[PDB]
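# Structural overview for review
As a plain string of letters, each chain reads:
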Amino acid sequence: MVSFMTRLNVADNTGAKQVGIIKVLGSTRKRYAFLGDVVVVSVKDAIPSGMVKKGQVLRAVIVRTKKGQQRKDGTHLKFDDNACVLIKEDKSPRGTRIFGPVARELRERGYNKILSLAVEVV
Amino acid sequence: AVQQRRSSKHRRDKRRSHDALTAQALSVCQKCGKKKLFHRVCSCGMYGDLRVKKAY
Amino acid sequence: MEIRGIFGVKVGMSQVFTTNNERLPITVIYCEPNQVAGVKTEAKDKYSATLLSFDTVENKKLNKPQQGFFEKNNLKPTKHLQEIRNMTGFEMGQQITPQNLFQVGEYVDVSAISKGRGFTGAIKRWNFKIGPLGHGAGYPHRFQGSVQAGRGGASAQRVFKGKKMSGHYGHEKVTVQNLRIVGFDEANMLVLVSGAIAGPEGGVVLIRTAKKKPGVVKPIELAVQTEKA
Amino acid sequence: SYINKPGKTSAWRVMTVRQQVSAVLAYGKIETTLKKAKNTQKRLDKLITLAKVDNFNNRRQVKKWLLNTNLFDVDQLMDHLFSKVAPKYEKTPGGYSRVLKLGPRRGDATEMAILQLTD
Amino acid sequence: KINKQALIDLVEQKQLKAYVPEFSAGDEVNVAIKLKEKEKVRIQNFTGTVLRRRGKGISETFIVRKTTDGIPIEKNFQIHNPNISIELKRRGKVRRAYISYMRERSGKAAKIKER
RNA sequence: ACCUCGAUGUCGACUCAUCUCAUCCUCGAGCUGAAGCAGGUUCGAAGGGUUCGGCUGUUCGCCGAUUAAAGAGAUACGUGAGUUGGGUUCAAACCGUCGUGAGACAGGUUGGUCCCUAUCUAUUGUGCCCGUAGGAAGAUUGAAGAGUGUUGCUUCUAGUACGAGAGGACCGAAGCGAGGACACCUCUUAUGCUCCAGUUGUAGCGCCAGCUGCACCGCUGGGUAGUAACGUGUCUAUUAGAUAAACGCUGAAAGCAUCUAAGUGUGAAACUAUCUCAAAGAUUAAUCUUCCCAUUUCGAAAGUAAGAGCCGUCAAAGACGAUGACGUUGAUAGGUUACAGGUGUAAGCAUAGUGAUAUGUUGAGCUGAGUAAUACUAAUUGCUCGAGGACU
RNA sequence: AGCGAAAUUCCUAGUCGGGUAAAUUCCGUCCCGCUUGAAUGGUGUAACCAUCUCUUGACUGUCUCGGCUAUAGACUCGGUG
RNA sequence: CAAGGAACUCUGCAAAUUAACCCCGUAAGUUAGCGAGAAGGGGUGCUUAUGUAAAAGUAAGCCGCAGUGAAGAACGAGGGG
Ligand SMILES: [Mg+2]
Ligand SMILES: [Mg+2]
Ligand SMILES: [Mg+2]
Ligand SMILES: [Mg+2]
Ligand SMILES: [Mg+2]
Ligand SMILES: [Mg+2]
Ligand SMILES: [Zn+2]
């Protein structure tokens, strides 16, 4: 249940080691972003040779959550960290490779490029 | 928070109308003559036909 | 419309697995067959209603006028009697069961007495907010906010009718609409209803044809297991 | 008010229950408040029914509740119980004690009651 | 009349699975999952260690914890659910019915086998 | 300078809002230098909603990211016998300036006591009494009411109409959401002090082992019932009538024309209903059904045999009342038994190890509330109120 | 001389740079200093401060967002009042 | 008290973290005294053996999620007046 101003790990090869939430999108007073919901963020820590410098504002798609969320078929997936991917305004990540597993609820919303690049979907 | 006007002798009685008391249920103990209150033991030592205490 | 209704009790809440592979929570309702006791016809008393009698009991555990009414009307003695508006297609003394009134998976609503919670605070009742806890906000900081409306003889000089403050909460009739039926069990006088059913277990629950969607049905099948070893 | 008495903590409640059941075992009758006897009766019944075997484990379990009294110390109270009280109740299923009500006290109008056990 | 509250158990008696292999908290299993996007339902294996065996019937649940690319993931399941099959591969020794302490250890933290 | 100086506590912030419409969105419509998309202006409309942050005591403002929108105002510039005291506005001190000096500055800076147990009324609830023309037990109708009404995204209609070309629809259908509300605890978690297990110190149980008291429940890992949300279900529609702006048909008045004068329509989240809840103290005291009663002789006084109350065991209820179940013709509570669920292999013994300890007995032992059976204990072999319908 | 929008600067929330997504507060710099300024001292200064002010790591019910548990009150009964 | 970790707010007020002993390791700056317990890390339980004068210490082994298992113990970093 990543909320407003939630620093969280990054799961691609953009070099964005530590990024925090700046606003949750989709409506007024959303105050929560579950698996799949697109958020805007602001990179607060990167690598020197990165395609994104510190202080930029960018939109990202959350992939891994610590709280988890009940799935329709009864199962309740739950990771142990908060991750995201750096999309570029339609469906595509700003990076080329994806680190770690990615949730499945990104299948329906779109984002099929992520699932293609994902190492192992769960 | 304090009363602004004096509460008269009429309002006080109206309030105390419900402060009245009521009598408790009374029964005559068996094997011995007295009026104990119901569902308890008499000072006679009997709860119905049974031994629970000394003489008094 | 010609509303269909039936009375029962609530014996718990569980889950079941259906086609499309989704976990459906289930409330289990023991619905002993009811028995009509009065048909209020439009001509006779200016409205159409039918009176059900349920929760059958021993004759001894009944008041004298009620038992006399039951004997004179030639029915079976029951503890409760209630009527449902706009129920027409039934005649006196006819036994009714929930299988005679409903499809396996059509739409019904449920009204039942809620779960009492005693005298409760304003915040827990009206879903208000709580004053700050830091910086020493003082002790009376679990209250309904300012009830002031206007200070000075011109503006309000009172507290408006129907305010929102603390009071007794729960133990009042409530209704959840569009709760699908899931399955029947004629052997145990049992029905299955999706969703959550108001009221504490062991109370009295009423089921009616949903007013929003009278005859709408979206059927649901089961997911009978295929695992053996 | 900020400072206050320790009050009726769970430890105080269970220790009062221990003392009262020990006294019942020692003597056989108690004049205590009704709403305390109505609680003590549960542990009283459990201890009475548990002591119908006389294995060392049951005596160990009983050790967790008893407290020595002027009439009987704890070990002598154990011997008394397992030697003459439990044999008296070898065929009564439950309900070994009765709680009858007295009159109110003049001090507080509290409703004293007698927690008594007999066949 | 009167009831039993085993009417509950009677109504789950329909959808309860048959074999339901016996496993305690400290076991590792492999749970085959059926996924239907359009057709040709793909089976996805999900192998890991169990963290709990809570439940009272059809509400039986368990936790399975897995690690991929160093990221530890766990997924809860409902035993008596279609599209889900369970088998045993190794049986382990442990003294706790809900081993929460496996959430805060990296590698070289493996429950010892149970003969 | 008119009320208050024998005191009307004044900024901002928080909580709760209510109201107006000179409307920010959603809703309807006219005009256009309105191709469509997107607009601009004007008319109708107050049902609902109107974001989160940086800086400042801040309103205000600037900025950042959003959303359909980030409305304009009022209510002692709403709201301290609801909170705060950052500012103003006490004594302390310092800087600049002024005063020869005590000192002063809507110039600035640091620190600086915020009282009240609710009498009346208003409101939230919950009760007693009486009343409704005999008493009682039920079932109703519903006058007068209260509550809810927010909206987005994607796909299809369709890259069609329009347009040269980028671009790109009206009307509608489906799916998924945010917010809010009502419930529920099967699932996920939170809590869960007479539950289970591990464990430290100390004093005891004459010692080992095993327990108890205390150390925040001593600490730690779980956890029954219950209470909840972060959890899961539903709702937030749809339809009808009468209308605002607006568009009309016919039709004259005024041989044409003309939406109006007669007649006859279409017409909006506004209004009256449909939805939810409560409701005959609705004294205008409504209706229906069933049960109980017609005596004791000069208005009484027996006053039921329908029922109810006192007392007791309780909880689906609960501040106390009440409500609901049950009082031996009984499963209401407790206990006992069986089980569930939880905890996780008890103690003792045997074997191996010099020893911590390990294995077997053992999925064992234990269990607050959970499910169910069983009169063993507790609800006594009690007292009181309560009927002849008065006249037309 | 020195220092300088300072505990002093009204215009002023001055310009610029640094810090943040965004910084009337902060740090450095610029100097028309209304009226800074040299024993009512001027500028620096290691350590120290229940002193003031800003950024940040860990940390947390301060907060999004309230929930549960136990006591003592509150409430019911007896006594004083 | 799950997820988040100052978004609260006039301000991290309050609350939260660390805490004993032993062992590594400690910068800028300075009036050369200090900074400094700077910062940042590791170990503690029990048994046997070996320890010496006692003990610290060392080796081997065992158990638990956790070993100053409770009780009592410093939260820091950077800049400025
Ligand atoms: Mg006066
Ligand atoms: Mg009184
Ligand atoms: Mg105070
Ligand atoms: Mg005065
Ligand atoms: Mg005050
Ligand atoms: Mg000086
Ligand atoms: Zn007597």
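Sequence positions are given from 1 along each chain as written, possibly unlike the numbering in the entry, and residues without coordinates are left off. Each chain gets a letter, beginning with A, and each ligand a number, beginning with 1, in the order they are written. Only some chains of a larger assembly appear here, and every value describes just that portion. Neither water nor hydrogens contribute to the side-chain values; these are computed over all heavy atoms in the structure. Residues with missing side-chain atoms are left out of burial classes, side-chain pairs and their counts.

## A few points about the protein's contact with RNA strand H
How we decide: The cutoff for a nearby residue is simple: one of its non-hydrogen atoms must lie within 4 Å of the molecule or strand. N or O atoms within 3.5 Å of each other form a polar contact, as long as, within protein, one can give a hydrogen and the other can take it, and as long as residues adjacent in sequence are counted only when both atoms are side-chain atoms. Ten residues, namely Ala, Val, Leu, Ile, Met, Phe, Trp, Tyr, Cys and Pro, are considered nonpolar, four, namely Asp, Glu, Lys and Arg, are considered charged, and the remaining ones, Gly among them, are considered polar.
Around RNA strand H, the structure places 14 residues, and the nearest of them are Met5(A), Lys67(A), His135(C), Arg95(E) and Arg105(E). Backbone atoms, meaning sugar plus phosphate, form 67% of the atoms of RNA strand H positioned within 4 Å of the protein. Within the backbone of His135(C), one N or O atom sits 3.1 Å away from a base oxygen of RNA strand H. Class assignment for the residues of the surface near RNA strand H results in four nonpolar, four polar and six charged.

## Re the pairing of strand β1 (residues 5–18) of chain C
Residue and element names in this part refer to chain C. What counts is decided by this rule: Buried residues are those whose accessible area, probed at 1.4 Å on protein chains only, stays under 20% of the maximum for their type, while exposed residues exceed 50% and partly exposed ones sit between those limits. A run of DSSP states H or I qualifies as a helix once it reaches four residues; a run of E qualifies as a strand once it reaches two. Both are numbered from the N-terminal end. Two strands pair if DSSP finds at least two bridges between them.
Of all the 14 residues making up β1, 12 are buried; the element is thus mostly covered by neighbouring parts of the structure. Of the pairings in the sheet, the one linking β1 to strand β12 (residues 204–209) comprises five bridges and is antiparallel in character. Of the residues in β12, the one forming a bridge with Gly-5 is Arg-208. Of the pairings in the sheet, the one linking β1 to strand β2 (residues 22–30) comprises eight bridges and is antiparallel in character. Following the sheet pairing, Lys-10 is matched in β2 by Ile-29. In sequence, β1 turns back onto β2 through a hairpin of three residues, with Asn-20 there showing a positive phi of about 75°.

## Regarding the interface of chain C and chain E
The criterion, for reference: For this analysis, residues touch if any pair of their heavy atoms sits within 4.5 Å. Summed over both partners, the accessible area lost on bringing two parts together, with a 1.4 Å probe, is the buried area. Within this document, salt bridges are pairs made up of a side-chain nitrogen of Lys or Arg and a carboxyl oxygen of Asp or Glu, the two lying within 4 Å of each other.
With 23 residues of chain C at the interface, the matching set in chain E holds 23 residues. Both faces considered, chain C and chain E share a buried interface measuring about 2000 Å² in area, 57% of it formed by carbon and sulfur atoms. The largest share of the area that chain C buries against chain E comes from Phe17(C), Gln225(C) and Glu227(C), three residues that together contribute 31% of it. Our count for the chain C to chain E interface comes out at one salt bridge. Linking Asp185(C) and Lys14(E) is a salt bridge whose minimum nitrogen-to-oxygen distance equals 3.5 Å. Where chain C meets chain E, there are eight residue pairs in polar contact. When residues of the side of chain C that touches chain E are assigned to their parent elements, the largest contribution, eight residues, is made by β1(C). Classifying every residue of the side of chain C that touches chain E by side-chain character gives 13 nonpolar, seven polar and three charged.

## Concerning the protein's contact with RNA strand F
Not every one of the 139 residues close to RNA strand F is listed here, only the nearest: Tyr47(B), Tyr47(C), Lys72(C), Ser166(C) and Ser59(E). The side chain of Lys36(B) places a nitrogen or oxygen atom 2.4 Å from a base oxygen of RNA strand F. For the surface near RNA strand F, the leading source of residues is helix α2 (residues 34–50) of chain D, giving eight residues. Taken together, the residues that form the surface near RNA strand F break down as 39 nonpolar, 54 polar and 46 charged.

## Looking at unusual backbone geometry
If you check the backbone angles, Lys31(B) has positive phi at about 65° while not being a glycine. If you trace the backbone, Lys31(B) turns up in the loop between β1 (26–28) and β2 (35–37). Here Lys108(E), not a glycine, exhibits a phi torsion of approximately 60°, which is positive. If you trace the backbone, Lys108(E) turns up in the segment after β6 (84–91). The class of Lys108(E) is exposed, set by a relative accessible area of 91%.

## Points about the sheet that holds strand β3 (residues 34–40) of chain C
Residue and element names in this part refer to chain C. Applied cut-off: Only the contacting stretch of a helix is used when fitting its axis, a line to C-alpha atoms as for every element, and angles between N-to-C directions run 0 to 180 degrees.
Taken in spatial order, the four strands of this open sheet run β5-β4-β3-β6, and their pairing is antiparallel. Whereas interior strands pair on both sides, the edge strands pair on one side only; in this sheet they are β5 (78–85) and β6 (95–96). Contacts from helix α2 (residues 64–73) reach β3, β4 (49–56) and β5 within the one sheet, and its direction differs from that of β5 by about 70°.

## Concerning the interface of chain A and chain E
Taken together, the contact pairs 17 residues of chain A with 16 residues of chain E. Its residues assigned to classes, the side of chain A that touches chain E shows five nonpolar, four polar and eight charged. Relative to strand β5 (residues 71–78) of chain E, strand β6 (residues 76–78) of chain A runs antiparallel, the two being bridged by three bridges. Residue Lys78(A) lies in a different strand from β5(E), and its bridge partner there is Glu74(E).

## A short note on empty space enclosed by the protein
All names here are of chain C. We count it as follows: In this analysis a 1.4 Å probe is tested at points of a 1 Å grid over the protein atoms alone, and where it fits but cannot get out there is a cavity; an open set with protein on both sides within 12 Å along at least five of seven lines is a pocket; lining residues have an atom within 4 Å of a point. Grid points are joined across faces, edges and corners, and a volume is the space filled by probe spheres set on the points.
By volume, the largest cavity amounts to about 40 Å³. What lines the largest cavity is simply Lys-10, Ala-112, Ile-113, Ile-197, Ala-198, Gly-199, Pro-200, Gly-203, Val-204 and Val-205. Looking at the lining of the largest cavity, the elements with two or more residues in it are β7 (107–113) and β12. For the lining of the largest cavity, the residue count by class is seven nonpolar, two polar and one charged.

## Here we look at the arrangement of the chains
By contact count, the dominant pairing among the four pairs of chains in contact is that of chains C and E. Chain C makes no contact with chain B, the minimum C-alpha separation between the two being 16 Å. No interface is formed between chain C and chain D, the nearest pair of C-alpha atoms being 13 Å apart.

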